[PDB]
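**Student:** quick one: experimental structure and sequence below.
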Amino acid sequence: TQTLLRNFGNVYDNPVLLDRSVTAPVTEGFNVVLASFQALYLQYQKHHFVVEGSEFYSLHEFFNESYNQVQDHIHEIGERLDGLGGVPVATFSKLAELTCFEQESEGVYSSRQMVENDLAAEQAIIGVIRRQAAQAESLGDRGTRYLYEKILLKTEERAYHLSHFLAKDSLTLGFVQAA
Amino acid sequence: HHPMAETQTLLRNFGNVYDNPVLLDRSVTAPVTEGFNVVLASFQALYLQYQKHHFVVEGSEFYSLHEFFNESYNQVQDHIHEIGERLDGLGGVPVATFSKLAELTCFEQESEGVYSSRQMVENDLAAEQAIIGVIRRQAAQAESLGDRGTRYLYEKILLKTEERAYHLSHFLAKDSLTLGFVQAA
Amino acid sequence: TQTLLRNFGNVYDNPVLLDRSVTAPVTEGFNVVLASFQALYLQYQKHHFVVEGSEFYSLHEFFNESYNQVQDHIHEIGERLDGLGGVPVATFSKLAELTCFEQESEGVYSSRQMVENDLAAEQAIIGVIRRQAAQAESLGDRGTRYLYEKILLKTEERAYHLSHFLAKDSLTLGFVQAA
Amino acid sequence: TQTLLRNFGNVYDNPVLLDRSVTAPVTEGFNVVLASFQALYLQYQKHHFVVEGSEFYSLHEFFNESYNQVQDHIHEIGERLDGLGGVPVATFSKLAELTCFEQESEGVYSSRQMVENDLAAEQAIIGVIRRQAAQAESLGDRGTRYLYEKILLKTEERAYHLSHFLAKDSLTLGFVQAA
Amino acid sequence: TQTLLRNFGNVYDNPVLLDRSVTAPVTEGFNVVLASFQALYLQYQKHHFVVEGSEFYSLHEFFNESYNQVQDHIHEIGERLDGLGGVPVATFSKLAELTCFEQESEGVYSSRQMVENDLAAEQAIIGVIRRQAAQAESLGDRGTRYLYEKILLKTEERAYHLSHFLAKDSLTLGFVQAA
Amino acid sequence: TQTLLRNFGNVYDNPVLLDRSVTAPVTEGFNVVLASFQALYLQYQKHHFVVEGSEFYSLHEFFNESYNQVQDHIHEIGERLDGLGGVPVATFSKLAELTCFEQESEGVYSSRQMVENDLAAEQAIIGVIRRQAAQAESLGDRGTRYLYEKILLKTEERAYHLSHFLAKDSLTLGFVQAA
Amino acid sequence: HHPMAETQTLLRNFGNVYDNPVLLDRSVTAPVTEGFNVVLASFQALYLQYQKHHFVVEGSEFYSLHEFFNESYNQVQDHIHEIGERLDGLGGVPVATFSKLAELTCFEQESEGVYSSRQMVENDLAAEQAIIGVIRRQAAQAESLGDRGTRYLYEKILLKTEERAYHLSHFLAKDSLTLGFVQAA
Amino acid sequence: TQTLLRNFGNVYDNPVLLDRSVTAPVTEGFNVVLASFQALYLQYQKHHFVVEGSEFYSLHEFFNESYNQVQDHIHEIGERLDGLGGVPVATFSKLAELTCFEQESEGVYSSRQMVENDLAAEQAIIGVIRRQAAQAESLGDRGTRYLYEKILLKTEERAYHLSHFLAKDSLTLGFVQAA
Amino acid sequence: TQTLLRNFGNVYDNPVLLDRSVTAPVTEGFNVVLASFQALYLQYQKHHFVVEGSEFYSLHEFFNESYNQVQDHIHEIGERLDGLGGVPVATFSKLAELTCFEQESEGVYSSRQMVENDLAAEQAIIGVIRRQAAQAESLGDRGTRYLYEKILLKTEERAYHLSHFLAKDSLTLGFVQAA
Amino acid sequence: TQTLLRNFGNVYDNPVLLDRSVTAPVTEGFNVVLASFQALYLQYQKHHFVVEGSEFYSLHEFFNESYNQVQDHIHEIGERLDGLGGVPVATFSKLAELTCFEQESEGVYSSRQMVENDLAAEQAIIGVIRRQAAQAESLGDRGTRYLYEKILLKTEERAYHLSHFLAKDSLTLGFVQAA
Amino acid sequence: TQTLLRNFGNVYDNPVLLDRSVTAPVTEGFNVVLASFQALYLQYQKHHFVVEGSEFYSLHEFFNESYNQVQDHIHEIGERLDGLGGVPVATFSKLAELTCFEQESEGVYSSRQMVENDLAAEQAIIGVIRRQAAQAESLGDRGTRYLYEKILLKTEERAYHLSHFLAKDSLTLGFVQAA
């Protein structure tokens, strides 16, 4: 709140011998992924707060595990983005601009809708991560490629879990009428 | 389909208060949950700002500041968790979208870009102070309305928030071990 | 160093002063129980991997706890079996021959069917453990009798839990059509 | 044990935006590696139970550590194989069909022969993991490639340790007759 | 060192509703097992201090684990013996009188002889524990019978381990001359 | 508080292959022991709250350790009682009916009276446990017999400790007038 | 130099209140911090006394008393830490010298020498009671002045202090297992 | 607060076979060191409360570590002083009389002045400890000599750290004007 | 492998460059201290088992802490004694010969007598440790001197505690008849 | 047993099926990276010992964290290097020959110079690790490539931190003269 | 790498009231011991990496424990040397100059030769530590003397353990031909 030292959207020097021709696209991509994960952190946390119904106890725990993991991804991305000379996004307006998926609207939806929304979000992020990992590989930034692969594996795992929640099976099918 | 047709069907609508299981009247839970959403949004703003500061702080005292900013946004996250759970418990609908968070926060986030460590600490202190003001107002309201649990929760959070403000103030004080061998302004 | 030192199916010396007339049938029985628990470990672990649907999170956890406990039983049995001069079973073909229940067929079944299959397996094993405990008692091998009783109690406990999963009650009965 | 939902040998849908042209070969390969590791888990565990003689205390511990680590590999593989829409192997007969090495025969061998057998098993598995990692890389499954590399490093480490046990050196050479 | 309250060799009252016809023989037996375990604790500890040579690191650890476990047996026995109204043995002379095996003579023996001596000691103790467990069972002292069975299983396990150390196998047989 | 599914006093099915001719008397006995332990939990907890005087600090801690242990017994009994098809007691009136000892009257008694009351309670429970263990043994329910023996040993140990508190010895006898 | 020349230069002067970062007026922070210094001094006195008792207690119940006195002075140390940090945060200057501590404590420390275990426990109880009185007064003051964080902090400390008083009272009660076989007075 | 049993300044009996010609000077010295450490505990704690400015976070932590360590020294000294028959100092007035350095005056000084004051205090205490250690050695109280040496090493280490804080170096010298 | 390799009472080689003229008397003394601590371990443990009456809970705990600490001393002494080329004592007869105090006679004494007996034992051991520390110092074995001083301080501390138990003070003096 | 078994500079057998044409250059490179990290471990540790001045507390901690992390890298590299049939460097002279950066000269430099020197060292090592990772990839040694990428990411992270320490910002700029 | 503040080989001021007539020889000696321990750390670590053969598992662990302990000695020495105003050695060339033993040559030796080399190194270090402790004592630096005695005891312990590994005893002597 006064005199800027470094401007958002510019890439500055780094101490790890990468050219700014590498760090500019790499940090731009990191900001997209950071914004997307902030959007997803907020959404999972909302889901944690509001989920109700017969399986809410397990969903409540899963949503908490999930936003904690997303928070870890955020921490690793922000630290590396800054390390490489980038300026990390932090304002609501810019986060909204950069996120690769649109957050769930305000209000409370069903547990199935929440899980669907989280899965579509993870899928959007998977797409971006794969693109950014390929770019890092091509540009010779192994550290970034490896970091993205670690995060990708965890992200794919969350998607697996979400898919499991949505599957059309239940112990109740033994004594309730199927659709 | 028609633009006004409902895809994704809402159960609770934002801005409205629903039933609660703890025998509090809506005359209590409506203002209490409205206030919780302001505090929630403000703490989300501050979490993001402290975390930004954690990422970007540099210079001669950055190691201590880096750790302090991490501790601080972790604590703010704990406040957020307690508020959101109770807000929902009382029948309210917690805010979660970037646009509404920006509308409800009681202070304006630091602009994009990187500022000095002193400016960052000043910005965090001004944010904590804004939040202190709202928490005191909301705690008094909860007291007057008979919501003891909310009043107590706010007092727990207030004490931690005041503590962060004390630390921020200490970082800003015009003293340093370096004064023994550098030229004072 | 290339030749067999002990042959499967024979009992050798033991250092705990038990007659080979005791250790032969005791270790033969341990091998049946070992094989049965390997079969069940594999089945629980499969169930852990594939279970899906509305209660999958709790079932996923339960199946993991269960195969970890079964693995502990296997460890205790194998160590004691060798200690008593027996040769423990370890090949796929012989495990299939000795197991007291037939593994679930390859493919994926419903969560209710998986739970039913695990319960039937635990019940087969309970039967064998009771017979082997009685034998150890009769033959004067207190240590084996006691070990089996410890394992029996845990095995009975898993059966209780499985039966709870199968019971025809749910929170959903308040708002879904029964039958 | 009644109505199959999904058939072994088929690949189904996944939630991580991979084409079945990728997930079919990847999950087929995972099932070979899963079966191989189950064979090795059983063999290491056998070795833990039966190893004896002057260095048995160290070997006993090493074999325990090793089958625990192999069990972790199995858990990771099974979870991912299922996530990608595959059906994991779990029956004795199919495991025997798919394993890339032949288990040690029933009976007890010498400590040196057990260690040689475990080393040959790790080496077979190393070969398959390398082929499957190269495949994952070529097909664009970074998550799978990365997971295999993590597992490869640990597997290579076990091979190093087995090789060290076999080396023709001992403190006893100071006072016993060398061959 | 002045005025005795209770005399060694007498059984006094107990608070667990057992007749002195039961507690007299039970506590007499506990004192034999207590003395035997004190003898074995001292012997294992000696072995821990003095064991040397090519496998001493493993033997050193094993002997430490073993005397720690024996100390736990002693604690349980002494507490129960006192609870049942008995007076526990504690003097060197009486311990020597009651132990069911003769301690290793002063001096240092070879590692193989130390292990043989510990095995013979465990075997003597196994015999007494079995007789005392049978007695407790016949007299209706279930608590005592159960405690002995717990201790028996651990004692048998130590005997298995000692037997494994003595087995005529070694990795060194690949490159040293066998007798 | 509306429509009963299962009635108190009836035994239902179990999944561990025991006949209802076994589980009826076994679960009836478990309810007596459960009620008795609830009575004792409440009494120990009261004693924890109200004990005062020169040794209150140690007594306060002992009473807390004791009711925590009794709570563990309760947990194990209730779970098994339900597992075997029984319906566990939980109302104040029925607990009062089934307890094998009468709770201390309301009010605060001396520390010695409290300890005496707890000892008489443990002694009542010991009697019932031994009877129920014998029954389980006779009826072939090994798991129940073993569970009771574990609990019996802990219960006897509490009785030993209580007896120790009551003994007519004190460090104060060196400088206070004896009765 | 002249005796009135300043060697070691003071930044804050004892007895005065400076700025705080938590939006409380000096009309609040002056009496609040004055009271905190009394409570701080009183707890330092009690820490020293409990620790003395820990060192010197002997006799038939000394093992339990020894442990209790240790637990107690550790807890008092925690109270001291919370008070001192908040006192400074609010702009006050915490007392630390032996002379001023002796002036401000709300009870008189036990005299040098060794007393009986009963007398030691009586002295500790009387000290806790003095401190309970001051804490209740200071909590009421904080409430009336609108310093919720201070009021809450004092209530946390009060509950622990009351708990120590309950335990002390229990040690003093005229009951013992020995009454079954020794002559009552 | 009534009838003294033992008087301050007198030395009483001890149970460790030291003559009162030893314990009188040893305990007198322990009281000087105890008083000095209480003075320093209070001063470090004050510094913890009041330190502010650009390095306050590290200083705040250091001052807390330091007064915790001083508290440990106090505990060891008081226990041993009493053990040897001495009466430990505890009143503000007597502490002020016996401390070997004068506490910082009331008020808040600069961080550099605080660190200087703490260093001068540690230096005073080092002097006394060395004198008292030499005395203990001369008088044959090895335990006291050893205790003082343990405390001396920690005290010297605090002095090293304080000296490091005061040194005329800073990362800021790269971009601020030197004096 | 059956014959003695080292004889009791003789010193053998050491690897720490100490003359056998040092290690002979040092290890002879270690054996006296070892035997004395074995005697005290047994005595404290007896006291732990049998102590009863109004303060038994605290005494029970103290005796356990004490014999655990004595066991640590024994471990350090035995290891160092062997390290220096000595042969550690381990038989009942030789332990009785070397202990520097006579064990409490069989039977049960009062709590005050037990505490008095433990104090007399600690005092005997303090005497020997001081003599052996002085010897090690004179002979140039710093390591032994230091080890003894560590043990001495803990031993003195136990003596302090024992003397506190014996002091003629009690909370009960407020309401029982003195003398 | 006195003669060299393997010569430095030669590669020997490996058990992971890699051609010696791979393991020779891979292990040669590991030795350069090992030597470079030993040089850096020593330098960071020196910096830890000697750093002083206004920010020394944070720098002291950072240097410790850093050399602990470097030590972990050394451990992983040395183990793998030996595993692949290489001989690891360990002598001062050869370490000096192989390190990819020159250690700071003896004596003490300013905190800013120490940090600059550590940054230059990390940057030299980053260069070598990237070259060696690329080589491992090209030669088909995935495990080595992956290990290097893990180490690279941690090494890049230390470089980020060092550069943060060096940045021309401070809280002191608010009240000291710039330039 | 620019402007020295302090020169190697000079002693500067200290804050613990020791004359430079004391700190000069003390810090010179600390640098010899520091260099010797760095040499030994590197040698033990090498041995950890390369040890192989029938007892390698135990030796591998022992060497790891040993270099970890040596690293702790180094940390303590460097911190104290700096505290006393000395400049610690850190370059390969100077370390080689100051070490009191010559490192093992590059290459791999047998396990027995490695253990012999480590023992000779410990023995060289024991000699220097004893001389430096005597010096510290004579010069009045109690802190330094005490620190050396702590380190001496651990160093002697490592020498005991190495000696035990070298002893001409093995379990294998029961079935292999002795030289």
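**Tutor:** Thanks, I have the structure now. Residues are numbered from 1 along each chain as shown, chains lettered A, B, ... in the order given.

**Student:** now do the contacts for residue A:12.
**Tutor:** A:6, A:85, A:86, A:87 (C-beta atoms under 8 Å, 6 or more residues apart in numbering or on different chains). For every residue, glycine as well, the C-beta is placed using N, CA and C.

**Student:** if you set the cut-off to 10 Å instead, what comes out?
**Tutor:** Contact analysis of residue A:12 by C-beta atoms under 10 Å, 6 or more residues apart in numbering or on different chains lists A:5, A:6, A:20, A:23, A:27, A:82, A:84, A:85, A:86, A:87, B:114.

**Student:** repeat for residue A:124
**Tutor:** A:36, A:39, A:40, A:99, A:100, A:101, A:102, D:17.

**Student:** my read is it is in a helix, agree?
**Tutor:** Yes: under DSSP: H, G, I helix; E, B strand; the rest coil, residue A:124 falls within a helix.

**Student:** now residue A:23: which helix or strand?
**Tutor:** Taking DSSP states H and E as the criterion, residue A:23 maps to helix A:20-50.

**Student:** following that helix, which helix or strand comes up?
**Tutor:** Beyond helix A:20-50 toward the C-terminal end (DSSP H and E), the next one is helix A:56-83.

**Student:** so how many other residues sit close to the residue lying closest to residue A:32 once chain neighbours are set aside?
**Tutor:** Of all residues not flanking residue A:32 in the chain, residue A:98 sits nearest, at 5.2 Å (C-beta to C-beta, 6 or more residues apart in numbering or on different chains). Counted by other C-beta atoms under 10 Å in any protein chain shown, the residues lying close to residue A:98 total 17.

**Student:** can you check the one 5 residues further on too?
**Tutor:** The tally of other residues near residue A:103 (other C-beta under 10 Å) stands at 21.

**Student:** right, and it touches residue A:45 too?
**Tutor:** No: in this structure, residue A:103 is not within contact of residue A:45 by C-beta atoms under 10 Å, at 11.3 Å.

**Student:** identify the residues contacting residue A:142.
**Tutor:** A:136, J:129, J:130, J:133, J:134, J:137, J:145, J:148, J:149, J:152, J:153, J:156.

**Student:** whoops, I mixed them up, residue A:174
**Tutor:** C:110, C:111, C:112, C:113, C:115, C:116, C:166, C:167, C:168, C:170.

**Student:** buried set for stretch A:55-72?
**Tutor:** Neighbour-count burial for stretch A:55-72 flags A:55, A:58, A:59, A:60, A:62, A:63, A:64, A:66, A:67, A:69, A:70, A:71 (criterion: 16 or more other C-beta atoms under 10 Å in any protein chain shown).

**Student:** do that stretch and chain B come into contact?
**Tutor:** Yes: using C-beta under 10 Å from any C-beta of the partner chain, stretch A:55-72 reaches chain B at A:60, A:64, A:67, A:68, A:71.

**Student:** I'd say the fourth one and residue A:41 touch.
**Tutor:** Pointing back at residue A:68 there. Yes: using C-beta under 10 Å, residue A:68 is in contact with residue A:41, at 9.1 Å.

**Student:** what's the neighbour count on the closest residue to residue A:143 other than its chain neighbours?
**Tutor:** Excluding the flanking residues, the one nearest residue A:143 by C-beta to C-beta, 6+ apart is residue J:153, at 4.5 Å. Neighbour count of residue J:153, defined by other C-beta under 10 Å: 18.

**Student:** report the buried residues of the one helix or strand residue J:153 maps to.
**Tutor:** Taking DSSP H and E as the criterion, residue J:153 maps to helix J:142-166. For helix J:142-166, burial by neighbour count (16+ other C-beta under 10 Å) applies to J:142-153, J:155-166.

**Student:** ok now do the residue nearest to residue A:154 when sequence neighbours are not counted, which residues does it touch?
**Tutor:** The shortest distance from residue A:154 to any non-neighbouring residue, by C-beta to C-beta, 6+ apart, is to residue A:69 (5.9 Å). By C-beta under 10 Å, 6+ apart, the contact set of residue A:69 is A:37, A:41, A:44, A:151, A:154, A:155, A:157, A:158.

**Student:** also residue A:102?
**Tutor:** A:39, A:96, A:117, A:120, A:121, A:124, B:97.

**Student:** now do the contacts for the spatially most central residue of chain A.
**Tutor:** Among the residues of chain A, the one closest to the centroid is residue A:37, at 2.8 Å (C-alpha atoms, centre = their mean). Counting by C-beta under 10 Å, 6+ apart, residue A:37 touches A:67, A:69-75, A:77-78, A:95, A:99-100, A:121, A:125, A:129, A:151, A:155.

**Student:** alpha carbons only: can I get stretch A:63-81 in CSV?
**Tutor:** As requested, the backbone C-alpha atoms of stretch A:63-81 are provided in CSV (Å, rounded to 0.1, in the frame of the first residue of the first chain):
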residue,chain,number,x,y,z
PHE,A,63,-13.1,-32.5,1.9
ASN,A,64,-10.8,-31.4,4.7
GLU,A,65,-8.0,-33.8,3.7
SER,A,66,-8.5,-32.5,0.1
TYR,A,67,-8.2,-28.8,0.9
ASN,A,68,-5.2,-29.4,3.1
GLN,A,69,-3.5,-31.2,0.3
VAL,A,70,-4.4,-28.4,-2.2
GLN,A,71,-2.9,-25.9,0.3
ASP,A,72,0.3,-27.9,0.2
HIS,A,73,0.4,-27.6,-3.6
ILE,A,74,-0.2,-23.9,-3.2
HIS,A,75,2.7,-23.5,-0.8
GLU,A,76,5.1,-25.3,-3.1
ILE,A,77,4.0,-23.4,-6.2
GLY,A,78,4.2,-20.0,-4.6
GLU,A,79,7.6,-20.6,-3.2
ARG,A,80,9.0,-21.8,-6.5
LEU,A,81,7.2,-19.1,-8.5
